[PDB]
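What follows is a single structure, written as structure tokens, with notes after it.
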Amino acid sequence: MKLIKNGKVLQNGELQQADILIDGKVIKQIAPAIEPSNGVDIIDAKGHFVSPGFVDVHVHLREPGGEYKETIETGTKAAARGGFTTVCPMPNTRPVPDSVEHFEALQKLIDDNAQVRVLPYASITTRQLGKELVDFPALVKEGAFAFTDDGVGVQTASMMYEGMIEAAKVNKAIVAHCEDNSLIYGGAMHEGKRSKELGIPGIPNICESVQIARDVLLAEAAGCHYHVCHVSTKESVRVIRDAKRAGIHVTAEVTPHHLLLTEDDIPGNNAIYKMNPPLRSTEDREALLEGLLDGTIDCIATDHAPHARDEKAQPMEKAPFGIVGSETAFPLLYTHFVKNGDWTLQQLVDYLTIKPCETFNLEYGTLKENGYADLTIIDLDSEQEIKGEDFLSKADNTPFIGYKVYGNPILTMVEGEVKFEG
Ligand SMILES: [Ca+2]
Ligand SMILES: [Ca+2]
Ligand SMILES: [Cl-]
Ligand SMILES: [Cl-]
Ligand SMILES: [Zn+2]
């Protein structure tokens with residue numbers, strides 16, 4: 001047994017004093033006060049805010065295949081430091097989780113290494129080559145969270161359609177990185193003012209939106225739950241809004257960097273600012289923010305995308321796409337929108353807990369009695385500077401280094417086991 005003394009919890013739209021008694025994997029009670037019994041491990045929260053653990057539906061753990069970038073150990077250690085207790089890693093690994101053999105090998109690595117709950121995505125097709133559908137019921141039975149189009153995969157509407165029919169059969173989401181291959185044009189950032197100023201090839205908004213517009217109609221015909229990954233363009237948001245209005249089961253996520261930065265924030269040819277989808281225009285960001293606020297975009301997800309230092313030191317035209325984000329997500333968003341803007345702590349917490357869970361019909365995201373002891377303790381009032389030295393991730397490829405932030409996690413617990421202590 002464990003007891004978290006002195007924390008504050010959210011009730012409606014206010015912080016309130018409450019102690020939390022934990023029995024094994026579950027929490028036994030949440031009470032104004034509670035005296036300890038026998039063999040009680042003590043955690044003193046010291047007045048800090050106690051939140052349900054964050055849930056990240058889009059991370060890259062890199063292992064297997066890319067262990068030098070990140071491992072399941074380092075990646076979930078980074079998640080816990082960011083206050084996340086559940087993450088769902090993408091399938092763009094080697095081997096791809098596209099078979100029972102590969103899923104079982106992965107679950108073993110998770111059992112041995114994961115420091116938080118890991119709900120892995122399956123690919124939609126064998127090796128993500130987009131030529132042959134995986135065995136959907138077989139992967140669901142091995143713990144597949146969703147079936148996901150990441151990388152250069154599904155290349156015809158027919159394959160996406162057939163993939164969606166299979167996911168509808170197993171009551172699982174098709175999750176898609178919307179990117180039309182012929183419309184990438186070798187681009188490395190948003191096609192707009194800045195790409196022209198820097199002489200760097202850009203990616204047009206249409207690369208993303210046209211796939212969303214196709215998939216929502218394929219989803220509607222298949223009767224399946226379609227989820228759009230990290231939305232970046234103003235037109236994508238429109239298409240999702242129109243699709244939801246038509247009664248289609250589409251949901252969508254936005255990343256912290258797309259809420260906070262635009263093409264204008266890119267100081268020069270710097271791959272630290274290179275991710276996919278790219279940081280787009282002020283008009284695009286305004287659309288995303290509007291869409292998250294009116295519910296068109298369901299939740300926030302990080303697209304934590306660790307890469308090695310020498311890789312991200314190269315010019316944008318050569319460097320891989322991606323920035324890390326598990327450790328910086330909440331503090332950045334809390335400081336910008338809550339401490340320094342209109343959002344409430346409750347509103348921010350919901351985008352990271354209950355909303356991801358409602359989207360995928362998950363049981364987590366709440367701080368309730370009988371729920372798992374999935375918690376993070378966060379220091380709301382002290383300022384910390386974001387430094388690569390502090391990252392538990394193996395990587396430090398992020399434009400947020402140097403930012404001064406409030407709302408920093410100091411302790412994360414997964415099923416009653418302290419998994420991070422700052
Ligand atoms: Ca050029
Ligand atoms: Ca590190
Ligand atoms: Cl959780
Ligand atoms: Cl795929
Ligand atoms: Zn991604």
Side-chain angles (χ1 to χ4, degrees), residues 56-76 79 86-179 181 211 215 218-219 222-229 276 301 303-306 320 322 360-362:
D56 202 337
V57 299
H58 190 139
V59 305
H60 293 280
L61 294 178
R62 302 301 183 205
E63 178 174 24
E67 293 81 358
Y68 74 104
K69 299 172 179 294
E70 194 79 291
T71 58
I72 288 162
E73 176 179 347
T74 60
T76 58
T86 301
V87 302
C88 315
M90 300 290 280
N92 61 331
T93 54
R94 285 273 64 200
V96 176
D98 58 11
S99 73
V100 175
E101 181 195 52
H102 297 317
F103 243 89
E104 294 191 324
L106 180 61
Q107 293 287 26
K108 191 181 170 194
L109 290 164
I110 287 162
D111 290 344
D112 291 350
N113 302 107
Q115 310 305 331
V116 302
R117 181 159 40 252
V118 176
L119 312 173
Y121 289 85
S123 56
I124 295 169
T125 70
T126 299
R127 287 181 184 179
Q128 292 187 306
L129 297 182
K131 298 171 187 289
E132 290 146 350
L133 292 182
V134 302
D135 196 332
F136 281 61
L139 300 193
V140 171
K141 288 183 184 171
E142 299 298 332
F145 162 76
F147 297 86
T148 304
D149 172 40
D150 194 10
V152 186
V154 191
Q155 214 83 322
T156 67
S158 63
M159 277 284 303
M160 192 43 133
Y161 178 49
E162 290 158 13
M164 292 173 155
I165 291 165
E166 294 305 304
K169 284 175 188 169
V170 296
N171 203 32
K172 292 299 180 182
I174 292 285
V175 169
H177 178 152
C178 294
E179 178 184 59
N181 269 57
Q211 194 182 312
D215 292 356
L218 294 181
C224 88
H225 172 193
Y226 173 59
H227 181 260
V228 183
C229 297
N276 191 12
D303 183 27
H304 177 82
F360 295 94
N361 206 13
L362 303 178

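Quick note: residue numbers are just sequence positions, from 1.
Scored by the side chain to side chain donor-acceptor pair (under 3.5 Å) test, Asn92 finds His60 as partners (sequence neighbours excluded). Here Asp98 pairs with nothing under the side chain to side chain donor-acceptor pair (under 3.5 Å) rule; sequence neighbours left out. Residues satisfying the side chain to side chain donor-acceptor pair (under 3.5 Å) test with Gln211, not counting sequence neighbours, are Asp149, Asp215. Contacts of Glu101 classified as side chain to side chain contact (heavy atoms under 4.5 Å, CB included), with partners at least two apart in sequence or in another chain: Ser99. In terms of the side chain to side chain donor-acceptor pair (under 3.5 Å) criterion, residue partners of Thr71 (sequence neighbours excluded) are, by chain and number, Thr74. Applying the salt bridge (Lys or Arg N to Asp or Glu O under 4.0 Å) rule to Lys172 yields no partners; only residues at least two apart in sequence or on another chain are considered. Residues that satisfy the ring-ring contact (aromatic ring centres under 6.0 Å, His included) test with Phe145, not counting sequence neighbours, are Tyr121, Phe360. Every residue meeting the ring-ring contact (aromatic ring centres under 6.0 Å, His included) condition with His177, not counting sequence neighbours, appears here in chain and number order: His230.
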Which donor-acceptor pairs under 3.5 Å do the side chains of residues 152-168 make with protein atoms, sequence neighbours left out?
from, atom 1, to, atom 2, distance (Å)
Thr156, OG1, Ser158, OG, 3.0
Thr156, OG1, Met159, N, 3.2
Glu166, OE2, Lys169, NZ, 3.1

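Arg127 is listed as a side-chain neighbour of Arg94, based on a closest heavy-atom distance under 4.5 Å. When side chains are defined from C-beta on, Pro95 counts as touching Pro64, because their heavy atoms get closer than 4.5 Å.
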Step-by-step side chain to side chain contact (heavy atoms under 4.5 Å, CB included) determination, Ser123 to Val134: CA-CA 7 Å; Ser123 56; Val134 302; 3.8 Å; yes
Verdict with supporting geometry, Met90 and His58, side chain to side chain contact (heavy atoms under 4.5 Å, CB included): CA-CA 6 Å; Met90 300 290 280; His58 190 139; 3.6 Å; yes
Stepwise side chain to side chain contact (heavy atoms under 4.5 Å, CB included) test for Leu362 and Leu119: CA-CA 11 Å; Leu362 303 178; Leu119 312 173; 4.2 Å; yes
CA sep, side-chain torsions, deciding dist, call: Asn113, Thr76, side chain to side chain contact (heavy atoms under 4.5 Å, CB included): CA-CA 9 Å; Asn113 302 107; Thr76 58; over 6 Å; no
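Nearest heavy atoms, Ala301 versus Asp56: CA-OD1, 3.6 Å. In plain terms, the two heavy atoms of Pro89 and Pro120 that are nearest each other are CD-CA, 3.8 Å. Nearest heavy-atom pair across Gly65 and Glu67 is N-OE2, 3.1 Å.
Between the side chain of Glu132 and the main chain of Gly130, no donor-acceptor pair closer than 3.5 Å is present. Side chain of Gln128 to main chain of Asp150: a donor-acceptor pair is present (N/O by atom type, distance under 3.5 Å, no hydrogens or angles).
For residues 106-117, the pairs satisfying salt bridge (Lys or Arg N to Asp or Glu O under 4.0 Å) are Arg117-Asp374, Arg117-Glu415, with sequence neighbours left out.
Between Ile174 atom CD1 and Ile124 atom CD1 the span is 4.0 Å, to the nearest 0.5 Å. For the atom pair CD1 (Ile72) and CG (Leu106), the distance works out to 5.5 Å, reported to the nearest 0.5 Å. The CG atom of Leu109 sits 12.0 Å away from atom CD of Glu73, with the distance rounded to the nearest 0.5 Å.
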